[PDB]
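Read the single chain below, which is given as structure tokens and is the form deposited in one PDB entry.
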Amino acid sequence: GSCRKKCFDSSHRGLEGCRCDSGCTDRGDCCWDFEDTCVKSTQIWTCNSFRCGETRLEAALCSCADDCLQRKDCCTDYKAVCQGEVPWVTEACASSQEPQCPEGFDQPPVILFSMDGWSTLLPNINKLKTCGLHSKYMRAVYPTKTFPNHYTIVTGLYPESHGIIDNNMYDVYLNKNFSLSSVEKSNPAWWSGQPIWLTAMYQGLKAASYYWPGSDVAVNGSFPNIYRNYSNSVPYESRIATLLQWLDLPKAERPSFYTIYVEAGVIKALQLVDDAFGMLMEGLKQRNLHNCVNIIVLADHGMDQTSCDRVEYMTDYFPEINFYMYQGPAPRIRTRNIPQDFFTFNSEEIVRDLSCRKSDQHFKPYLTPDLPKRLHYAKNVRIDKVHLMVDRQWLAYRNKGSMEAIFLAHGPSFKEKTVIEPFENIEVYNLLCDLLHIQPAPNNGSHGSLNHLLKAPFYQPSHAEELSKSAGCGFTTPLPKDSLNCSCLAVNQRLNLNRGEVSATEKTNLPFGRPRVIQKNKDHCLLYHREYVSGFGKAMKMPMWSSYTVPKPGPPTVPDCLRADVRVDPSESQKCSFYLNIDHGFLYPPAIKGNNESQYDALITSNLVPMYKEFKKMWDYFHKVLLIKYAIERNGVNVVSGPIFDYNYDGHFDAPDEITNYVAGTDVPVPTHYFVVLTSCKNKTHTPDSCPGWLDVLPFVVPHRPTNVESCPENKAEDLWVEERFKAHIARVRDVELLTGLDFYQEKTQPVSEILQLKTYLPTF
């Protein structure tokens, strides 16, 4: 009596002879349900009253026919609409402590989903935040652009190592230009590293991708098992349908890993992605995979903070511009005559000619090795030596003419209804390998940092083993053999600590244990003093590390007083005669703790470090003024200071053969940087030496430069720029560990996963 199961027929059988052929419309003969059962049905992605139980239509997008579940072509809403099942979205939160996977699903699939652009508007994505796990903000690496950041996510590498350093670049060795508009975007030579899809493939699993930076590229001569060449033409429902077809594949061909990228009427648009998301969840429920699949969603909440009013122009700084400039928020300057003049180009002159030019200046030029070490944006030919650090909300241009994502995770392997602390996206790749049970390729994340996101972590982190044992530097005589051309016109026994006195300074000044030398054949020895403990590097004739616990405060430094260390061989120690531009500085501030005689333990050749006159200014101000301010704020603080040698700017400590500059006429190396790690306690009620809970860290990797041009100190007193400079060079503990070859807190009564959490936390400013 209607169009049901009779769509396009010579049948006159109807209500009062109503028809169901395509000509019924113009005749007015259609049965009331014609359009819905026969016409709109072939063009929607959802079942309804008319479609439930329909006779299969070939022209149709999905199916609502009785055999659609067996045929695997139902619409996502089939079970809820046609079988009255409670949809995933309305259904209560899942408690699954183990993956409830269908037969064949040996290991739960991983879906990495990225979106861009409260709750009642987006119900599906909200249910995920609600039931699952979400991170406040997910820290993006420099430059903070989407395209490189997406490749970092899947590779675990910093842009300098994976190759995609910006959307636009020129490699001199290729003599090729990369841009997203170019065919060169597809050239595999640009793409370094090993993306998660390859890792899974190389390790037996199969991987698919419905768009993601580099998934439509034969990276290391291979594409993912299933991939789609980038195009914004395809509707979201068709993408989600394909994603589900891939999961409907036979075990043999069926991928274990999936990547899917998606990019007032803003809400209308967002709702379309939430609907597509809800389609994916419904599809999974209908497959019994909703409590099997581990799904991660990244929602870039980043906004364009730029304005045409907040733009800096190079025309204001140069009378003539003959250089090429990569414009915008992370600018880079190069020669126009490429490749010919690429390495000859005076990059140093450009930084100089742009340095402290205006008082209001909304950018700071840098040579890539002088850039803040935390950024890891220097070790690649693609990264031009000239780099401009533009202020937030500002842009820099030739002439007149940023990712911040919310990490969401749902699935049986993930912790339920948990808010997790912000982390860097470099960490994610190991998590992906753990979720997939594969071995991660060498990356920059620290394995086990994100174990707190997992119900049952696949990888259990372990403390790095020391490769060099401390040796020598025992107290033999209280009088030194060689004077070392040193002078103190005004004791050495105070350097002779007994087993009990040693244990006392170890308890107080090495509360989390001593840093471990993760360096092969590095000749060192520890020196024990009442107020401090240093780790003395014999070949460099200076201490690699120095440890001390400054207690909460309630005194000048002893002048013209210096003497040889009676424990350290003259062959292995610095002489006063080496100095006379670059002068000796105290790694450990002598006046920080104790009385006038406590200072004598610090007025020795073992506490001397080579410093530029201008650096010493900053160094001394921090130790005389800023440190005491912090020690009050934090109720004591454990300070670890030390030299850093990273001449090839690869973010690791230098091998001896890598150090290029020394103190004139000597073999004492000039540190490229200095580090200061402020380890105090989170619960301020306890001092750092007596803390049971978590520690609060504050690490600095400050460049050891001969002039303070960076700080632009022009007449200003230290109270105006030194702190600003120190804060400008903040970095993770792990950043230090890498640059030094030392390993911190190997004696803190917490699991390695938890310390790895702290060693990756970057302080916010």
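Rigid core here is just the name for the largest C-alpha set that superposes within 1.5 Å across the two forms. In this text, residue numbers run from 1 along the sequence as written.
Chemist: Which class describes the count of deposited residues lacking coordinates between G117 and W118: none, 1 to 3, 4 to 9, or 10 or more?
Modeler: Unresolved stretch here: 4 to 9 residues.
Chemist: Please classify the coordinate gap between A490 and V491 in terms of deposited residues: none, 1 to 3, 4 to 9, or 10 or more.
Modeler: In the deposited sequence, 4 to 9 residues between these two have no coordinates.
Chemist: Taking the mean of the C-alpha B-factors per stretch from the entry, tell me the winner out of 359-367 and 436-444.
Modeler: That would be 359-367.
Chemist: Between 746-754 and 8-16, point out the one with the higher average CA B-factor as the PDB entry records it.
Modeler: Per the deposited B-factors, the answer is 8-16.
Chemist: From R634, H387, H652, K455, can you pick the one with the highest C-alpha B factor in the entry?
Modeler: Highest C-alpha B-factor among the listed options: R634.
Chemist: Which one, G283, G500, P339, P412, has the peak C-alpha temperature factor per the PDB entry?
Modeler: That would be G500, according to the entry.
Chemist: Where does the C-alpha B-factor of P671 rank in its chain, lowest, middle or highest third?
Modeler: For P671, whose C-alpha B-factor we compare with every modelled residue in the chain, the answer is the middle third.
Chemist: Check where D216 lands among this chain's C-alpha B-factors and tell me if it's the lowest, middle or highest third.
Modeler: Bottom third by C-alpha B-factor.
Chemist: If you rank the chain by CA B-factor, which third does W88 end up in: lowest, middle or highest?
Modeler: Within its chain, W88 is a middle-third residue by C-alpha B-factor, going by the deposited values.
Chemist: Is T37 in the lowest, middle or highest third of its chain when residues are ranked by C-alpha B-factor?
Modeler: It belongs to the middle third of the chain when residues are ordered by C-alpha B-factor.
Chemist: Please place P556 in the lowest, middle or highest third of its chain according to the CA B-factor in the PDB entry.
Modeler: Highest third, going by the recorded CA B-factors of the chain.
There is also a form deposited in another entry; it is not shown, and the following applies to it.
Chemist: Given a cut-off of 2 Å on Cα movement between this form and the one not shown, rigid core as reference, pick the single residue from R310, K455, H301, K629 that exceeds or meets it.
Modeler: Among the listed residues, the one whose C-alpha moves by 2 Å or more is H301.
Chemist: Once the core is aligned, please say if the CA of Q271 is shifted by at least 2 angstroms between this form and the one not shown.
Modeler: Superposed on the core, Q271 moves its C-alpha 2 Å or more between this form and the one not shown.
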